[PDB]
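Computed from heavy atoms alone, side chains included, the values below leave out hydrogens, waters and symmetry copies. Proteins get letters first, then strands, A, B, ... in listed order; numbering begins at 1 in each.
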Protein chains: 2
Amino acid sequence: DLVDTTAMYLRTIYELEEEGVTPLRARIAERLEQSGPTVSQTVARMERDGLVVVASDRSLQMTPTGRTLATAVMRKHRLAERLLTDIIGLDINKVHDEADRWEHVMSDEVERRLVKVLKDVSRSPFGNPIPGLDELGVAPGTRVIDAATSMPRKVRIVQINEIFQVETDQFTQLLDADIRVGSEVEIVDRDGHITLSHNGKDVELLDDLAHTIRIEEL
Amino acid sequence: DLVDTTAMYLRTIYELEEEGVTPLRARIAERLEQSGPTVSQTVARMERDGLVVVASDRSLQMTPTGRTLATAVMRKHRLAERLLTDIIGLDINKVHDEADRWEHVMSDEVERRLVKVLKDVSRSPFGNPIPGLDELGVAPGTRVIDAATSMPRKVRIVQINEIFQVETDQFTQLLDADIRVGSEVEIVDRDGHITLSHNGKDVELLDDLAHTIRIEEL
Ligand code: NI
Ligand code: NI
Ligand code: NI
Ligand code: NI
């Protein structure tokens, strides 16, 4: 029923990270309605396959290769949803479950067509941005500006330097997303803007602020 | 790569029968680029599953259930091709290979949408009628009129009775499709017309002729 089990585990990791939930084996098990033991065995095989690493505190860390694939699966999934909703007219309650199968069989060529054919490929019908469209191709720690890449990762805030800021509007944004020193947050450059996420709340940083906030790896 | 192997074997049986080729294990092996031994093992499992029977002369006979599924797979396959060609604009050289994956994951609901959304669902872009649209839901031997059903089957012509016919135009049609007594031909009611096929040449019978031609089971 899962069609491509490996790809489903990756897509589920992806969407847990999007939501700011720590990707743990029991959350994957719950989301895919699979047994914990079955998940643990499939996770072991994904490790052998180069797709994931189980960190010492048991969270799943997608390898850059795993992440690239997960991003591809998500992109296909969201473009299929837009197709099914925008063009096919499939009833909305069935769209995600259809795209959940289609995502494992859509080629890159179909996607490049969809990008031309659809009105807007900013987001799925369910509110989330479509990732990967670029790859389809149509002083403790480190300053956020230097540490962020085009692939998101979870890091820890070790300093904010509010004393050096002129752009003072984002202070409250950070506070309302409860981002403080010691918060573990996702970072990405996407761009020319860095974004911090905490608990699925996004803060798009101005560059003065991205120069000032310093992070450490988890 | 086959996505649903069982469904691929059925779709390949279907298309061999369409072409008037006897569905034999070596022709399936050849078409799917699978080993003979692998085909024979998968065929054994399909038998255990109720989908096919290997007749005493080694041809594959789809069970009515196998045939119903094969017809469903074909319908999904052809509607996907029309979608990919008519709406998506996928380059024609890639359409069949894409639909070859999509056919195993399209629900009935998507198909019912496609039937409304597409211009014409008479045929795939590759010239063959789309079957199953009805089930989607939007004196030796026996006279052809009595023996034919909505599901095609291979039978043997045992009598033609040309002496009793007034409609004399179809005689040559039969002759050019080399349908003579002793010819093994496919029959279907589809309708209100019976069709005889021999070697992938179709003859649509007038009812006077369908009353006259008598057939036996193989
Ligand atoms: Ni979805
Ligand atoms: Ni899926
Ligand atoms: Ni085809
Ligand atoms: Ni296929």
Side-chain angles (χ1 to χ4, degrees), chain B residues 9-28 43 46-47 50-75 122-123 127-135 139-190 192 194-200 202-218:
Chain B
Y9 281 58
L10 293 174
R11 188 200 89 227
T12 304
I13 300 162
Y14 192 104
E15 83 193 350
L16 293 169
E17 293 186 328
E18 270 189 330
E19 303 172 11
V21 168
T22 171
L24 289 159
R25 287 167 304 180
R27 296 298 291 263
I28 293 165
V43 175
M46 285 175 90
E47 277 196 288
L51 302 168
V52 321
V53 156
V54 186
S56 61
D57 84 347
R58 311 267 171 177
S59 53
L60 320 182
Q61 294 185 2
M62 286 191 292
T63 65
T65 278
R67 187 165 270 114
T68 289
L69 181 54
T71 298
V73 176
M74 188 72 265
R75 184 186 66 224
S122 302
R123 287 176 194 283
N128 311 289
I130 303 182
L133 288 170
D134 329 81
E135 280 297 345
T142 306
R143 47 249 298 191
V144 156
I145 201 67
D146 294 321
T149 195
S150 64
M151 297 211 212
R153 75 256 178 30
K154 232 195 197 157
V155 293
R156 182 183 302 97
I157 303 286
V158 307
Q159 197 171 247
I160 291 195
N161 294 312
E162 40 278 82
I163 197 159
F164 298 128
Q165 282 303 327
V166 173
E167 294 296 324
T168 244
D169 12 285
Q170 304 204 105
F171 283 164
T172 303
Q173 288 186 18
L174 264 17
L175 286 175
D176 289 349
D178 87 324
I179 294 176
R180 267 153 162 115
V181 344
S183 302
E184 321 197 327
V185 306
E186 161 172 280
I187 68 178
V188 62
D189 184 1
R190 81 153 74 270
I194 291 168
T195 290
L196 307 182
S197 310
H198 189 225
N199 297 319
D202 271 15
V203 186
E204 193 171 36
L205 297 186
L206 293 163
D207 287 328
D208 279 88
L209 201 40
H211 282 242
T212 256
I213 296 152
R214 303 186 147 257
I215 57 84
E216 274 165 0
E217 310 290 333
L218 290 193

*Test log, rule side chain to side chain contact (heavy atoms under 4.5 Å, CB included), inputs B/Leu209 and B/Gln165*: CA-CA 7 Å; B/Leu209 201 40; B/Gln165 282 303 327; 3.7 Å; yes
_B/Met151 side chain reached by B/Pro64 side chain, heavy atoms, under 4.5 Å_ = yes
*Please walk me through it: do B/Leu51 and B/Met62 pass side chain to side chain contact (heavy atoms under 4.5 Å, CB included)?*
CA-CA 6 Å; B/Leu51 302 168; B/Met62 286 191 292; over 6 Å; no
*Between atom CG of B/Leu16 and atom CZ of B/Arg11, what is the distance when rounded to the nearest 0.5 Å?*
10.0 Å
_For B/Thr22 against B/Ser59, the heavy-atom pair lying closest together_ = OG1-CB, 3.6 Å
*Close side-chain approach of B/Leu196 and B/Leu205, heavy atoms under 4.5 Å*: yes
*Minimum heavy-atom distance between B/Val43 and B/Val54, given as atom pair plus value*: CG1-CG2, 3.6 Å
*Rounded to the nearest 0.5 Å, how far does CG of B/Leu60 lie from OH of B/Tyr9?*
10.5 Å
*Between B/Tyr14 and B/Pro131, is any pair of side-chain heavy atoms under 4.5 Å apart?*
yes
*Does B/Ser183 use its side chain to pair, donor to acceptor, with the backbone of B/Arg180 at less than 3.5 Å?*
yes
*Nearest 0.5 Å please: distance from the CD atom of B/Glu162 over to the OG1 atom of B/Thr168.*
10.0 Å
_Any side-chain heavy-atom pair of B/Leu10 and B/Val52 under 4.5 Å_ = yes
*If every non-hydrogen atom of B/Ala210 is compared with every non-hydrogen atom of B/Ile194, which pair is closest and at what distance?*
CB-CD1, 4.0 Å
*Could you tell me whether B/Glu217 and B/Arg153 make a salt bridge, using a distance below 4.0 angstrom between a side-chain N and a carboxylate O?*
yes
_Are the side chains of B/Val185 and B/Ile187 in contact, using a 4.5 Å heavy-atom criterion?_
yes
*Check for a donor-acceptor pair, side chain of B/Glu19 on one end and backbone N or O of B/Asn199 on the other, with a separation under 3.5 Å.*
no
*So does B/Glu135 have more than 12 non-hydrogen atoms from other groups sitting under 6.0 Å from CD?*
no
*Between B/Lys154 and B/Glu184, does at least one N-O distance fall below 4.0 Å, as a salt bridge requires?*
no
*In Å and rounded to the nearest 0.5 Å, what is the CZ to NE2 distance from B/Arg143 to B/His211?*
7.5 Å
*Do you know the tightest heavy-atom contact between B/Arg214 and B/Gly141?*
NH1-O, 3.4 Å
*Looking at B/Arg190 and B/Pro152, what are the two nearest heavy atoms and their distance?*
NH2-CG, 4.0 Å
*Provide the closest heavy-atom pair for B/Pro23 versus B/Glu17 in the form atom of the first, atom of the second, distance.*
CG-CG, 3.8 Å
*Atom CZ in B/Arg75, atom CD1 in B/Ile130: separation rounded to 0.5 Å?*
10.0 Å
*Do the non-hydrogen side-chain atoms of B/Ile179 and B/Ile157 ever get within less than 4.5 Å of each other?*
yes
_Within the 3.5 Å criterion, strictly below it, is a donor on B/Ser197 or B/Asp202 matched to an acceptor on the partner's side chain?_
yes
*Which value, rounded to the nearest 0.5 Å, describes the distance between B/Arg67 atom CZ and B/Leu69 atom CG?*
12.0 Å
_B/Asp189 side chain near B/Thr149 side chain, heavy-atom distance below 4.5 Å_ = no
*Is the shortest heavy-atom distance from the side chain of B/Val181 to the side chain of B/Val158 under 4.5 Å?*
no
